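Per chain, numbering begins at 1; letters A, B, ... match sequence-line order. We count ligands from 1, going down the list as the structure has it; atoms in each ligand are counted the same way. Note that these values count all heavy atoms, side chains included, but never hydrogens, waters or copies made by symmetry.
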Amino acid sequence: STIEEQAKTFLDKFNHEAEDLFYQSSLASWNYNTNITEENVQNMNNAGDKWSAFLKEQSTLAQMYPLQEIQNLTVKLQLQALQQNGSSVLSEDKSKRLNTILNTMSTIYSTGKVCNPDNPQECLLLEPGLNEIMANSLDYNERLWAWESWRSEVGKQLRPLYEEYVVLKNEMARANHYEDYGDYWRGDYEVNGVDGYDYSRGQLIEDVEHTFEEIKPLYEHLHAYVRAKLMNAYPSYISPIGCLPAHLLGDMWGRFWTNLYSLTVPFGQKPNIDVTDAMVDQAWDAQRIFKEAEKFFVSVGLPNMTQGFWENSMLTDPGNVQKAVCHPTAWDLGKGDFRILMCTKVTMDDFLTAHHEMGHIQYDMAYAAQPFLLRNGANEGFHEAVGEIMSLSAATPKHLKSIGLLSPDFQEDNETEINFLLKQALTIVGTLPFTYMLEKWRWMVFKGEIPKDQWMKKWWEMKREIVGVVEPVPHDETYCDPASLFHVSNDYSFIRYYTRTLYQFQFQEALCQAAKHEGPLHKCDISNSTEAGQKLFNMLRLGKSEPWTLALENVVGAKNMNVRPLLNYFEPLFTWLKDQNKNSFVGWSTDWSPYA
Amino acid sequence: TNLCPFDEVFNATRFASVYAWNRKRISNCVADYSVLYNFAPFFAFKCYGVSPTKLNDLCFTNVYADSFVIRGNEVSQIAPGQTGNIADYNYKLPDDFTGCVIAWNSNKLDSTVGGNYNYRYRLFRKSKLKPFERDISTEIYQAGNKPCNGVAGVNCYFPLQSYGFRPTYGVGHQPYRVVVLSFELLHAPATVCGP
Ligand SMILES: *[C@@H]1O[C@H](CO[C@@H]2O[C@@H](C)[C@@H](O)[C@@H](O)[C@@H]2O)[C@@H](O[C@@H]2O[C@H](CO)[C@@H](O)[C@H](O)[C@H]2NC(C)=O)[C@H](O)[C@H]1NC(C)=O
Ligand SMILES: *[C@@H]1O[C@H](CO)[C@@H](O[C@@H]2O[C@H](CO)[C@@H](O)[C@H](O)[C@H]2NC(C)=O)[C@H](O)[C@H]1NC(C)=O
Ligand SMILES: *[C@@H]1O[C@H](CO)[C@@H](O)[C@H](O)[C@H]1NC(C)=O
Ligand SMILES: *[C@@H]1O[C@H](CO)[C@@H](O)[C@H](O)[C@H]1NC(C)=O
Ligand SMILES: *[C@@H]1O[C@H](CO)[C@@H](O)[C@H](O)[C@H]1NC(C)=O
Ligand SMILES: *[C@@H]1O[C@H](CO)[C@@H](O)[C@H](O)[C@H]1NC(C)=O
Ligand SMILES: *[C@@H]1O[C@H](CO)[C@@H](O)[C@H](O)[C@H]1NC(C)=O
Ligand SMILES: [Zn+2]
């Protein structure tokens, strides 16, 4: 009886217990997300406590099987998932201090209160309030007031907590046989053991710079176009050869440029495609929306949705009698239970969100036969990519013409093409530099290359040199600007968005090539293509059973992340921008600042 | 006429667990298979060996019926020459098995909100199981090189596990009652057959 038959039996017992415990927890959470009452909150608390206690106990018993004596590459992954120590490597005092710091920072972010200096009897929160201010205002001084206040009253209280957070997380990482917390985060993409499909944790960095170097020219042209069109709204606040101010990007932190479409629209006269009225006038309801999505998924070879999906899923807001959390979520309770929670309305946005969440459900259904610890995406950037691609396929004018939402005599021009392409680029291409900047800054801080007294200096130098944005007012070492974002105050990773954004267009190009599509890649509908569906399903069923290198190769025929498919998607927009920028300057200078 | 009562096991109140499966013998009666066609929705109705149409005009010696209930994705293992946890450690069918197996959904009766843990099967066993053999043993299974003396944990596990059926499960995790019919022909004169 070697270690193999000892690990196998332990994994069998864990597999048969975790399913029941997680099902109970998921059912309690679903009941709370439908009904809001103290009893349901208590039920969630009890179920979660049982699940966490069982998980720790099994993780403690999982350390008696050394990894070097096990050779299957299937049971090794389950034990690797189970054997992660985490906070147990620290003392009780340090662990409780870390939890206290995390809860304090989360509470400060959640209840962040800023008030104007004229009347404390009426003042705003983050949501709503400041978000509406910096999403729907054209005033320069009010946006600056909100931007500086949120980082003044809130940013002050997080830096002393953030420093101790960094120190304690680094202690935990070094106790877990790592180098730092950034190495711990990069450990998600680590692959060892399989010959020819290896991936070191330091390779992720080099791949990120290599992809960004090819991303840069398109971002520079988009930056030039946005800067040229923002000088008409703020005539005396932007330099033609400089960097965009950080408080005029349509968002609190500049993560997305979505709210600048009204100011940067290429052809204002021609509107975008909106089938909300064509849905209102033809007796379209939520049930028909989800039936249409199911028909689309069946047309490519993927199976139906279960009989329990249509009965146990709440697809409409209950009303004032009940209280439910309206947030589109795809639920995998396990044991053959799949549900979608959505307060669906008759709208094109909900029409695409239905496809997103049903692609999530299909991806979950694909790997239902895998063991419990291997039922998830290949990495952290694969599960949303499928939802995004199967949402992109449903927004094409050809698909909407096929289902009768658009008139048959509708002829599409090359102006709506550019409008849609720029709308996509404002939210897809405009977020990659921000993610790169934030993750690179956090990695340097965790390593120790940035001393404690140069955090803001390095932060703003990186912002000017990579993103191309400049602070409106100077910040000293008393502020913690990165902590103002949700994903920094709450301990969360951030590179998954970059990886998903690059993966989704690779998947789309592969499937469109498999569908014999002729023309631009942005006009792609994968409907009525059984060959395309099988190619995607060959990857969807793997789970974590195989390295994400092989999973990616199954679909795109390549072992590494690539950016050329992304560039091919925006080629017409790139040519249009190059033609429109022939009389402007492309690039920015770090020296210029608004307060200079 | 004393008809063979093929309606008392098909319509019982509570069935037995997979590992502890009961046996009901049928003899000294005339068999009418028309009443077997009741309960029209059948999940799986396959016969190995004899044919259902010609089963009426055939006289045998004894007929054995065994009753158990399993989950949806395990009915495939009530076929001969099949390997699985149920097919190896709970119930075995010979390579030359003759008869039919009948399975149908039983979600409404055998499922309870909050879980139904009263039906249990076996997951660990030192050796495999010979055909038509039962095992109600409950000794502690040893997965290591150290004696256990009878205790849970450390490297010891309880062999039998509880299904925990719930009405909201999927089609493969929902209960499915299963009955197996076996036929034997001994040197004794055949009596068990209908008109
Ligand atoms: C997907 O295909 C269906 C069915 O069309 C049939 O199969 C195709 C592969 C092709 O061989 C067609 O010639 C076949 O008729 C399409 O549904 C039909 O669409 C046409 C549009 O001209 C319509 O007149 C029919 O009434 C539809 N039949 C139905 C709804 O039963 C569907 O439009 C295709 N989806 C696309 C192209 O996105
Ligand atoms: C997780 O932590 C446990 C203990 O907190 C580690 O178990 C010890 O590992 C050391 C390593 O040399 C052994 O010398 C000890 O005998 C182990 N047991 C105890 C009780 O200390 C475990 O190794 C940690 N996990 C990892 C992956 O390092
Ligand atoms: C859940 O909400 C429904 C809607 O009125 C109500 O009838 C039911 O009692 C609620 N459940 C609990 C446990 O309160
Ligand atoms: C790994 O373990 C599984 C568990 O059954 C087994 O099927 C598989 O054959 C093992 N891998 C190899 C290479 O034998
Ligand atoms: C999916 O459901 C539709 C309608 O219920 C049916 O026509 C179709 O055959 C189903 N597909 C499969 C693979 O069963
Ligand atoms: C669209 O096509 C017309 C056709 O002549 C062409 O003149 C024009 O340059 C194209 N592009 C735009 C943005 O209109
Ligand atoms: C099974 O028993 C119930 C309860 O008496 C009865 O109503 C039903 O008709 C029986 N089924 C058959 C096939 O006789
Ligand atoms: Zn999603």
Side-chain angles (χ1 to χ4, degrees), chain A residues 7 55-70 76-92 94-95 171-179 183-184 187 190 192 275 282 288 291-302 351 355 390 392-410 412 511-512 515-519 523-533, chain B residues 3-15 32-42 67 102 104 106 108-110 154 177 179:
Chain A
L55 194 61
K56 274 48 254 106
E57 190 276 331
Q58 293 282 318
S59 182
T60 301
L61 239 196
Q63 309 274 16
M64 65 179 288
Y65 313 111
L67 295 79
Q68 71 271 16
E69 288 157 87
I70 303 160
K76 185 183 286 185
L77 282 182
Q78 313 190 30
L79 294 174
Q80 205 187 137
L82 263 182
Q83 283 170 339
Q84 262 192 308
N85 267 353
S87 65
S88 63
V89 299
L90 282 170
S91 296
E92 198 178 0
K94 292 181 181 180
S95 180
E171 287 164 50
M172 183 278 288
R174 298 177 209 290
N176 265 304
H177 290 335
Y178 277 95
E179 293 179 354
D183 190 359
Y184 183 107
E190 196 192 18
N192 303 75
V275 288
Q282 288 178 49
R288 183 150 199 218
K291 290 265 163 203
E292 284 290 327
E294 182 191 44
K295 186 180 289 293
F296 163 82
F297 272 94
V298 169
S299 85
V300 308
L302 295 179
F351 181 73
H355 293 77
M390 276 157 285
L392 266 45
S393 179
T396 56
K398 182 175 73 175
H399 187 276
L400 305 161
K401 280 180 43 67
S402 179
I403 59 179
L405 284 186
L406 280 177
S407 282
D409 57 354
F410 181 88
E412 54 186 1
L511 295 188
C512 294
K516 280 73 176 175
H517 174 67
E518 293 179 353
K523 286 188 180 294
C524 191
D525 189 354
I526 67 153
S527 311
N528 284 339
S529 197
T530 316
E531 312 85 8
Chain B
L3 274 297
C4 289
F6 287 164
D7 53 354
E8 196 72 26
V9 288
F10 263 119
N11 200 358
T13 292
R14 183 178 183 271
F15 266 38
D32 182 34
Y33 285 117
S34 294
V35 299
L36 192 139
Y37 266 90
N38 286 320
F39 296 156
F42 283 163
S67 87
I102 297 169
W104 65 89
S106 179
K108 279 73 176 175
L109 283 72
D110 292 315
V154 175
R177 292 180 181 177
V179 65

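- Ring geometry, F39(B) versus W104(B): the interplanar angle falls from 30° to 60°, so the pair is classed tilted.
- The closest protein non-hydrogen atom to atom 28 (O) of ligand 2 is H177(A) CD2, 4.1 Å.
- Considering backbone and side-chain N/O of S402(A), one or more are found under 3.5 Å from N/O of ligand 1.
- Across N85(A), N176(A), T60(A), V89(A), heavy-atom proximity to atom 25 (N) of ligand 2 is greatest for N85(A).
- Distance remark: protein heavy atom not present below 4.0 angstrom from atom 9 (O) of ligand 2.
- Within the 3.5 Å criterion, the main-chain N or O of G86(A) finds a donor-acceptor partner in the side chain of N176(A).
- For atom 30 (C) of ligand 1, no protein non-hydrogen atom is found at a distance below 4.0 Å.
- The presence of a protein heavy atom under 4.0 Å from atom 12 (C) of ligand 1 is ruled out.
- Between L400(A) and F351(A), the closest side-chain pair of non-hydrogen atoms falls below 4.5 Å.
- In this structure, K401(A) and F410(A) approach most closely via the heavy-atom pair CD-O, 4.4 Å.
- Taking every heavy atom of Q63(A) and a limit of under 4.0 angstrom, the matching atoms of ligand 2 come to 1 (C), 25 (N).
- Taking a distance limit of 4.0 Å, we find that atom 1 (C) of ligand 2 is approached by some protein heavy atom.
- Residue-ligand proximity, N528(A) to ligand 1, at heavy-atom distances under 4.0 Å covers atoms 1 (C), 2 (O), 3 (C), 32 (C), 34 (C), 35 (N), 36 (C), 37 (C).
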Checklist entry - Could you go step by step and tell me if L79(A) and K76(A) meet the side chain to side chain contact (heavy atoms under 4.5 Å, CB included) rule? => result CA-CA 5 Å; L79(A) 294 174; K76(A) 185 183 286 185; 5.9 Å; no
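- Protein heavy atoms are found less than 4.0 angstrom from atom 2 (O) of ligand 1.
- Applying the 6.0 Å contact sphere to NZ of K295(A) captures no more than 12 heavy atoms from other residues, nucleotides or ligands.
- Put simply, atom 17 (C) of ligand 2 has no protein non-hydrogen atoms near it, under 4.0 Å away.
- Not a single donor-acceptor pair under 3.5 Å links the side chain of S59(A) to the backbone N or O of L55(A).
- Within a 4.0 Å radius of atom 17 (O) of ligand 1, the protein has no heavy atom.
- Atom CD of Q80(A) has 12 or fewer neighbouring heavy atoms from other residues, nucleotides or ligands inside a 6.0 Å radius.
- Considering only heavy atoms from C-beta on, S529(A) stays 4.5 Å or farther from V300(A) through its side chain.
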Contact table ligand 7 N or O to protein N or O, d under 3.5 Å:
unit_1, atom_1, unit_2, atom_2, d
ligand 7, 2 (O), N11(B), OD1, 3.3
ligand 7, 2 (O), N11(B), ND2, 2.4
ligand 7, 11 (N), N11(B), ND2, 2.8

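- At least one protein heavy atom sits closer than 4.0 Å to atom 22 (C) of ligand 2.
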Next on the checklist: Quick one, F15(B) with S106(B), criterion side chain to side chain contact (heavy atoms under 4.5 Å, CB included). Give me CA distance, side-chain angles, the key distance, then yes/no.
Outcome noted: CA-CA 11 Å; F15(B) 266 38; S106(B) 179; over 6 Å; no
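- Distance remark: protein heavy atom present below 4.0 angstrom from atom 34 (C) of ligand 1.
- Of the candidates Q78(A), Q63(A), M64(A), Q63(A) is the only one forming a side-chain contact (heavy atoms from CB on, under 4.5 Å) with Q83(A).
- Using cut-offs of 30° and 60° for the angle between ring planes, the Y184(A) and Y178(A) rings count as tilted.
- Nearest heavy-atom pair across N38(B) and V35(B) is ND2-O, 3.0 Å.
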